[PDB]
Ligand SMILES: [Zn+2]
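Chains as they are written, first to last, in our numbering: chain S, 1 to 67; chain R, 1001 to 1122.
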């Protein structure tokens, strides 16, 4: 009943209705956009994140920074 | 034309009751990029060109067969992606737009896609 903050909001997902992971050029080739994760489970599999400084894999949970 | 469309009906039915076949764009991409996937099935009534040019241009650079069906909704009813009661909705979901068969389960009705690949190579 003390209520110092009146709630705690819980996360809503981003809900963006597209992937946009691929590009095609001059009648099309496959074009990966991110550095492919070298993890054994998903090698040449799922893609890594593109943050402002680093890359990040959602499955294998490993990152590559560029200092 | 019955002996090909009903043929891959039986093929995808035995595939989904025997294992998991990929349903939807992301599992389709991640399943056909791996070098074990069999033929893809994708819809014809897509409303945007980058989706279709993506899926055909990205299956043609592999060595995998393709069969195209007219509507996505009735395909999604076919692919088991529903909650079908026998007296209610046939497809209460927006049907699937593209699948890929990872495995056939068994070799009962593989002759249909064999002659499909034959007429593709004709
Ligand atoms: Zn990974």
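Note that the Cβ used here is the ideal one computed from N, Cα and C, for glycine as well.
Check	Outcome
Any non-hydrogen atom of ligand 3 within 7 Å of residue 46 of chain S CB	Questions concerning ligand 3 fall outside what the structure shown contains, since the ligands it does hold are ligand 1.
Beta-bridge partners of residue 1059 of chain R, as assigned by DSSP	Beta-bridge pairing links residue 1059 of chain R to no other residue.
contact_flag[the region 1095 to 1104 of chain R, the region 1018 to 1025 of chain R] where n(CB pairs < 8 Å) is 3 or more	yes
Within chain R, the residues that residue 28 of chain S reaches when beta carbons sit closer than 7 Å	1053, 1057
Contacts around residue 56 of chain S, its chain only, beta-carbon distance under 7 Å, and the 5 residues preceding and following it disregarded	48, 49, 63
Run of the alpha helix (DSSP H) containing residue 1121 of chain R, from where it starts to where it stops	1111 to 1121
For residue 1029 of chain R and residue 1040 of chain R, believed in contact at Cβ under 8 Å, the rounded distance	Their Cβ separation, rounded to whole angstroms, is 10 Å, which puts residue 1040 of chain R and residue 1029 of chain R out of contact at 8 Å.
Whole-angstrom distance between residue 35 of chain S and residue 67 of chain S, CA atom to CA atom	16 Å
Exposure label - residue 1117 of chain R; buried when at least 16 CB within 10 Å	exposed
Ligand 1 site residues, beta-carbon cut 5 Å against heavy atoms	S/37, S/39, S/42, S/57, S/59, S/60
Top-ranked residue by Cα proximity to residue 1043 of chain R, from R/1066, R/1036, R/1035	R/1066
Same chain only: Cβ atoms within 8 Å of residue 68 of chain S, ignoring 5 sequence neighbours per side	Shown here, chain S extends from 1 to 67; a query on residue 68 of chain S therefore has no answer.
Chain S within 8 Å of residue 1026 of chain R, Cβ atoms only	yes
Selection from R/1069, R/1084, R/1037 that minimises the alpha carbon distance to residue 1006 of chain R	R/1069
Residue 31 of chain S and residue 23 of chain S closer than 8 Å at C-beta	yes
Nearest-angstrom Cα separation, counted from residue 1092 of chain R out to residue 1106 of chain R	30 Å
As assigned by DSSP and simplified to three states, the class of residue 1025 of chain R	helix
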